[PDB]
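First to last, the protein sequences are chains AL, AP, AB, AQ, AE, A2, AI, AS and AU.
Under the authors' numbering, the first residue of the first sequence is numbered 66, with each subsequent residue one higher.
Under the authors' numbering, the first residue of the second sequence is numbered 46, with each subsequent residue one higher.
Under the authors' numbering, the first residue of the third sequence is numbered 149, with each subsequent residue one higher.
Under the authors' numbering, the first residue of the fourth sequence is numbered 2, with each subsequent residue one higher.
Under the authors' numbering, the first residue of the fifth sequence is numbered 2, with each subsequent residue one higher.
Under the authors' numbering, the first residue of the sixth sequence is numbered 2, with each subsequent residue one higher.
Under the authors' numbering, the first residue of the seventh sequence is numbered 58, with each subsequent residue one higher.
Under the authors' numbering, the first residue of the eighth sequence is numbered 65, with each subsequent residue one higher.
Under the authors' numbering, the first residue of the ninth sequence is numbered 155, with each subsequent residue one higher.
Just so it is clear, CB atoms sit at the ideal spot from N, CA and C, and this is done for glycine as well.
Here's the structure, in structure tokens; my notes come after.
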Amino acid sequence: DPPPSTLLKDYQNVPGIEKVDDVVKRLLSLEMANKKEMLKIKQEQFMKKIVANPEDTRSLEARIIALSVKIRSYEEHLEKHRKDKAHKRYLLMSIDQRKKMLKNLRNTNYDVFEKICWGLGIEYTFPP
Amino acid sequence: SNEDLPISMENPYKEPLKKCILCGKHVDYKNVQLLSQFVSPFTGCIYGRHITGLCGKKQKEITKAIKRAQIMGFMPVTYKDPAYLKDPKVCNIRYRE
Amino acid sequence: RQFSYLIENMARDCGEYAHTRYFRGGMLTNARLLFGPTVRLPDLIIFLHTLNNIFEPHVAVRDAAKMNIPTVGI
Amino acid sequence: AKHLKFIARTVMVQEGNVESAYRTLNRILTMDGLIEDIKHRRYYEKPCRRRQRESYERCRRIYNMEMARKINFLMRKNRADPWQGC
Amino acid sequence: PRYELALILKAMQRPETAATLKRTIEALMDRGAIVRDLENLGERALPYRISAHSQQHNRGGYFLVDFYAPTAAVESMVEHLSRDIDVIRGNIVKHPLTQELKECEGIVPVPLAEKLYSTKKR
Amino acid sequence: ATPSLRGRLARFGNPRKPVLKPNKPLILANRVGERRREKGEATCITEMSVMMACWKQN
Amino acid sequence: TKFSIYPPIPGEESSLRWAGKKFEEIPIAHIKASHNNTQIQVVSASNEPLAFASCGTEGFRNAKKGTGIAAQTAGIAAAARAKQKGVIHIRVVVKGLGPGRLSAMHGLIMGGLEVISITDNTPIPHXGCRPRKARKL
Amino acid sequence: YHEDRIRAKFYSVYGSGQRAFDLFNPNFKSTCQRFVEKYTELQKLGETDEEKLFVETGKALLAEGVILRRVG
Amino acid sequence: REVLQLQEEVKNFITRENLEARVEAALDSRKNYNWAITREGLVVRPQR
RNA sequence: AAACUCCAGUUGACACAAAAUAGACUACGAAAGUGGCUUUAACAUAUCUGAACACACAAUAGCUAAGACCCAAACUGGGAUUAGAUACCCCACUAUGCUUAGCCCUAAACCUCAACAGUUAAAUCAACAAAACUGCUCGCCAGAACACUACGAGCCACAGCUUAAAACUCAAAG
Ligand SMILES: NC(=O)c1ccc[n+]([C@@H]2O[C@H](COP(=O)([O-])OP(=O)(O)OC[C@H]3O[C@@H](n4cnc5c(N)ncnc54)[C@H](O)[C@@H]3O)[C@@H](O)[C@H]2O)c1
Ligand code: FES
Ligand SMILES: [K+]
Ligand SMILES: [K+]
Ligand SMILES: [Mg+2]
Ligand SMILES: [Mg+2]
Ligand SMILES: [Mg+2]
Ligand SMILES: [Mg+2]
Ligand SMILES: [Mg+2]
Ligand SMILES: [Mg+2]
Ligand SMILES: [Mg+2]
Ligand SMILES: [Mg+2]
Ligand SMILES: [Mg+2]
Ligand SMILES: [Mg+2]
Ligand SMILES: [Mg+2]
Ligand SMILES: [Mg+2]
Ligand SMILES: [Mg+2]
Ligand SMILES: [Mg+2]
Ligand SMILES: [Mg+2]
Ligand SMILES: [Mg+2]
Ligand SMILES: [Mg+2]
């Protein structure tokens, strides 16, 4: 997880925010924010680390990253709420969709596919 | 050709869409005076939208604010506050006739 | 029922016939059984109001079409 | 129980006209729907029956309002026959 | 995020109310909250009788506390308010000003439903 | 104002469940219901009770 | 001025006085019109019982107990006892939609008690206990 | 038509004219129509601003003596 | 612009140094959120 | 009639049950379902289709262990009715409806109307119902009854669930 003092993605590039009061810094940080802001930062870090051209969002390489962040969030939610059948279905479908995207990416590049797999830690397993 | 043929235009005589009395104004659960205007003075029941005259969105906001105010101790439940009985009447309902 | 008097007067002046009252069933498709075996059907029917009093098409136009009587209708 | 007394569903009698006061209170309860609610709460109505009753009442309300609107629309044509004899 | 606390304090004297308000705000600060402002709605009779902490309350003092707190401190503050014996009622809600008001153009008319039944003559 | 009817019944284009399930078609008829007689009840019970009360006392 | 159907709330400084007594000082007449009985009890403003009457106490039994004539007879008896103890004006609180809901008030008026207000206190659960099952009659 | 904008504007501001419409006369000219004609004539002259065009049309009617009673 | 606006509002926040002053100021002052609406759609403030 | 009479009425204190009005709203969810208040987490997929058996769910009812008592209530007992009344009516009280941990995997689970994209053209069109069709794909169906059956097989289910026939009979069934 990113450090709690990390600023939000919306305010990470505004000029003059690097020199403000400590109250302002913690108001605009991840500490006083919901879990969605942390997921957006995690998605941004994965986009910078793994793939090039972060502007593109319809690319098959960015859809996998976005779905992987959602998969991790669902797993964290299910870690506490083990009786949430609806989210359990959402997690399973997200896994199936990610595997489908991996299959297409493997048949399309097999080079950025390896880049995605090692960057996110995902392993492509052939179904029985 | 001829310049007297009708042209393609949007209706210029069209009147602006009607707006509810609460349109554009914030509804707050702490505004007990405003919330009391949409309840029955004798039973405290929330009036329907056909009586209040509000839109769908404002009727929902009024209902949520009333329920929140009643459960948090800002508004009576079984009757309307007597202090607000002299407020302007904005509901289309008549009990005595 | 607003121009029945006017239309009947027009028929009198021009020498032709008019029917501005209730149209009994069989005045055209069964005219021989009512007027007589040797009755002569009209050669032309002019409708000034093709709709009856219930805002529906008159039955005379359908009967005229059945009997092959040309119709001039407003 | 925890609310103030004699503020809810209370109607004052004017000039000893108890009949008018009772009718006014009964009309207030009927308009607010309390009278019908109490009558239906004597026995427990199963949710399937409650949904069917609500659907029937909503359909009846729509038909009655539409019929009433047409009657008010056509009531203008209740005048005497203008073209008598035609 | 930004939360607002609606507090109903017991009808005490000024020094007791000030001490209770100071204790409540300090508890919020100890839970990592930045108290934006403190408001005084005033003292009024409760709409209904409230029995809390073995006390029957008919009049109370309504107060508002606006603050920014992390999502993991609201539950702790609620527990603290419950244990406090000078609080008749206390509720923490998302601040109304956080949610913006979407523009409304007007009450669009609803066209009457048509073609619900076939046009065959019954 | 007449309650809305769009998106209420079950048709071939309605995705949602039918809000209303009418047992008869929602079409205005060419008639109205006949007037209902009033179910009369007892009358002058108060006067009868007063007379019987005085009979008991006398 | 205009007659106020709204009750004279004790917070309000109403000038309406009945025989030198304010609205909050007028004794209350609690009427419980059940589906088979009508119980009437007159109590002072300080919750002190003064009179009590019902169809069973007046002699009506079984189905006869729980009619309009039985309800007004109980009202007359309750009013008579109340007037003996010094009751003139009454605030009527009715609890129930059973028979004799209005006949009980009529009996009180015939007894000699003047009604100044009518209040309905019928218990209406807001989503409460589950009533008994429906009857297959 | 193009003049429908002018008619709608004159029916909103300055309201309906005092003169009652005489639809029997084929050559009837109402106050609103006269305002439209003057607005069209000034448009033919070539004024750019629509607001100034509307004001000038009102000025012309005032000079001609046409009564202009605004609803507001 | 939001950051700049928030910068000024921090100066008015309640800290552990002015907490007593803010409490006393709150106890002296009053706040009213009540206002009624009319059929015309006008806000009627409670002039008291 | 039986029952209560440790009863009944006002007032005060007073839930581990259920959420009047809003609701004349038609929203959310894949479905089952979801309508008292607050907070947190959260509502899959940049073409579509694609599994009764793979996986994850699935009203009510039912089972195994630990808890709660307001009310309702299978079974049971009493009272009444009846030729009989093991029912309909009245009273009382259990399992059960609640919570926690596991199970069973059923419904007239139906809006009996598949998913995706598109149309209003003439023969639109057996009848009724909620008008008639086009392109593509999956599932299913083909006389009644035997039969939500026998056997086999699988299942935490052991009076069960899923799949599911045959012999005999009829000229009907719908
Ligand atoms: N059963 C397999 O291993 C398998 C392999 C390839 C394709 N399929 C596809 O499965 C469908 C069903 O085939 P069928 O009619 O022979 O089976 P079926 O419906 O008779 O089922 C019998 C067996 O097939 C399995 N099965 C059923 N549907 C399946 C599916 N969609 N995917 C995988 N397994 C399935 C069942 O679990 C069972 O083991 C077809 O569309 C077929 O192309 C199945
Ligand atoms: S019309 Fe604007 S909120 Fe109702
Ligand atoms: K409720
Ligand atoms: K169905
Ligand atoms: Mg039917
Ligand atoms: Mg007995
Ligand atoms: Mg409701
Ligand atoms: Mg698929
Ligand atoms: Mg198959
Ligand atoms: Mg189940
Ligand atoms: Mg169970
Ligand atoms: Mg019980
Ligand atoms: Mg039990
Ligand atoms: Mg749980
Ligand atoms: Mg269902
Ligand atoms: Mg089916
Ligand atoms: Mg399908
Ligand atoms: Mg079965
Ligand atoms: Mg079987
Ligand atoms: Mg076999
Ligand atoms: Mg077997």
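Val-88, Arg-91 and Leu-92: these are the residues of the region 81-94 of chain AL whose beta carbon lies less than 8 angstroms from some beta carbon of chain AE, given in chain order. Proximity to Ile-111 (chain AP) across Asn-47 (chain AP), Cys-65 (chain AP) and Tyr-92 (chain AP) peaks at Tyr-92 (chain AP), based on C-alpha coordinates. As the crow flies, the alpha-carbon of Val-79 (chain AL) is around 22 angstroms from that of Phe-111 (chain AL).
Taken in chain order, the complete alpha helix (DSSP H) segments of 4 residues or longer contained in the region 4-50 of chain AE are 15-31. The alpha carbon of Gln-98 (chain AI) has as its nearest neighbour, out of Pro-180 (chain AI), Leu-159 (chain AI) and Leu-165 (chain AI), the alpha carbon of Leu-165 (chain AI). Here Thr-112 (chain AS) is exposed, its C-beta having fewer than 16 other C-beta atoms within 10 Å. Counting along the chain, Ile-85 (chain AI) sits inside the beta strand (DSSP E) bounded by residues 85-90.
Using a 10 angstroms sphere on the CB of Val-109 (chain AE), the tally of other CB atoms stays under 16, which defines it as exposed.
By the criterion of a C-beta distance shorter than 7 angstroms, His-54 (chain AE) is surrounded in its chain by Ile-86, once the five residues flanking it on both sides are discounted. The Cβ atoms of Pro-127 (chain AP) and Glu-70 (chain AI) lie no closer than 8 angstroms to each other. Against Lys-40 (chain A2), chain AQ offers no close residue; the least beta-carbon distance is about 17 angstroms (beta-carbon pairs closer than 8 angstroms). When the five nearest sequence neighbours on each side are left out, the beta carbons in the same chain lying within less than 8 angstroms of the beta carbon of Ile-107 (chain AP) are those of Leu-67, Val-72, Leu-80, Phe-83, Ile-91, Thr-97 and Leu-99, in order along the chain. Taking a beta-carbon distance threshold of 8 angstroms, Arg-37 (chain AE) does not count as an interface residue toward chain AP. When secondary structure is reduced to three states using DSSP, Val-122 (chain AP) falls in the coil class, being assigned neither helix nor strand. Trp-75 (chain AI) is bridged by DSSP to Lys-78 (chain AI). Counting C-beta pairs closer than 8 angstroms gives fewer than three between the region 88-95 of chain AI and the region 169-184 of chain AB, which falls short of the contact rule.
Residue environment: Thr-88 (chain AP) is assigned as buried (16 or more neighbouring CB atoms within 10 Å of its CB, all protein chains considered). Chain AQ has no Cβ within less than 8 angstroms of the Cβ of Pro-16 (chain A2). Boundaries cannot be given for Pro-119 (chain AL), as no beta strand (DSSP E) includes it and DSSP labels it neither H nor E. In this structure, the beta-carbon distance from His-58 (chain AE) to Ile-35 (chain AE) does not fall below 8 angstroms. The alpha-carbon of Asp-121 (chain AL) is positioned some 47 angstroms away from that of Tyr-58 (chain AP).
Scanning the region 58-84 of chain AE for uninterrupted alpha helix (DSSP H) segments of 4 residues or longer gives 75-84, listed from N- to C-terminal end. Shown here, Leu-130 (chain AP) sits in coil according to DSSP, grouped into three states, outside any helix or strand.
In the structure shown, the three-state DSSP call for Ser-152 (chain AB) is helix. Contact of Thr-176 (chain AI) with chain AQ is assigned, a C-beta pair being separated by under 8 angstroms. When Cβ-Cβ separations below 8 angstroms define contact, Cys-60 (chain AQ) makes no contact with chain AB. Per DSSP, the continuous beta strand (DSSP E) segment holding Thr-11 (chain AQ) begins and ends at 11-13. Bridge pairing for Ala-53 (chain AE): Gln-56 (chain AE) [DSSP].
Ligand 14 never approaches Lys-109 (chain AP) closely enough for any of its heavy atoms to be under 7 angstroms from the residue's Cβ. Around the beta carbon of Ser-72 (chain AI), fewer than 16 other beta carbons sit within 10 angstroms, so the residue counts as exposed. Chain AP has a Cβ within less than 8 angstroms of the Cβ of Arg-193 (chain AU). The three-state secondary structure of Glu-115 (chain AS), taken from DSSP, is helix.
Looking at the DSSP output, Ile-93 (chain AE) bridges to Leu-6 (chain AE). Straight across, the Cα-Cα distance linking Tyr-69 (chain AE) with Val-122 (chain AP) is about 31 angstroms. Taking 8 angstroms as the cut-off, the beta carbon of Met-166 (chain AL) is found closer than this to the beta carbon of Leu-125 (chain AL). The CB of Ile-8 (chain AQ) comes closer than 7 angstroms to the CB of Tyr-124 and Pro-127 in chain AP, given here in chain order.
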